[PDB]
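The chain that follows stands alone, in the form deposited in one PDB entry, written as structure tokens.
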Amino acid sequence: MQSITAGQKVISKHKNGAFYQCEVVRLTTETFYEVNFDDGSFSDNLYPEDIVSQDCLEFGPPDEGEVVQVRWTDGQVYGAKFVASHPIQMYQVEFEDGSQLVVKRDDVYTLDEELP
């Protein structure tokens, strides 16, 4: 399948929920953290700044297995153990209204292809 490059016109969903033509402004790598909470539940999509026991933006990820504290979706702090750091290629897109999103490869379509 096709690689997508910066400056290409593509089709993707706007924040309102409908597909429009947009432009790829830049390619980015986003780094997600994976953790096992103390109750045994698992998260695969934490950001580095969500670790509140150490400064991961300045010093990089925890060691595999390391005890951490996490600021969660409810705004509370929970104990966890660090599992892994998972980098993903993403695509910053811009619509005619000036709005922007950062999205996964599977959310972008070429002008020539059938939707969805």
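Residue positions are given as counts along the sequence shown, with the first one as 1.
- Looking at 6-14 and 93-101 together, the entry lists the larger mean B-factor for 93-101, computed on C-alpha atoms.
- Comparing 52-60 with 38-46, the stretch with the higher mean C-alpha B-factor in the PDB entry is 52-60.
- Annotation for residue 88: CA B-factor lies in the highest third of the chain's modelled residues.
- Placement of the Cα temperature factor of residue 23 within the chain: lowest third of the modelled residues, per the deposited record.
The next section is about a form of this same protein that is not shown, the form solved in complex with a partner chain.
- The closest non-hydrogen atom of residue 73 lies within 4.5 Å of its partner chain in the deposited bound form.
- Residue contact check for residue 40: one or more of its heavy atoms lie within 4.5 Å of its partner chain in the deposited bound form.
- In the deposited bound form, residue 89 stays away from its partner chain, with no heavy atom inside 4.5 Å.
- Taking non-hydrogen atoms only, residue 44 approaches its partner chain to within 4.5 angstroms in the deposited bound form.
- Between the options 85, 28, 36, 54, the residue in contact with its partner chain in the deposited bound form by a heavy atom within 4.5 angstroms is 36.
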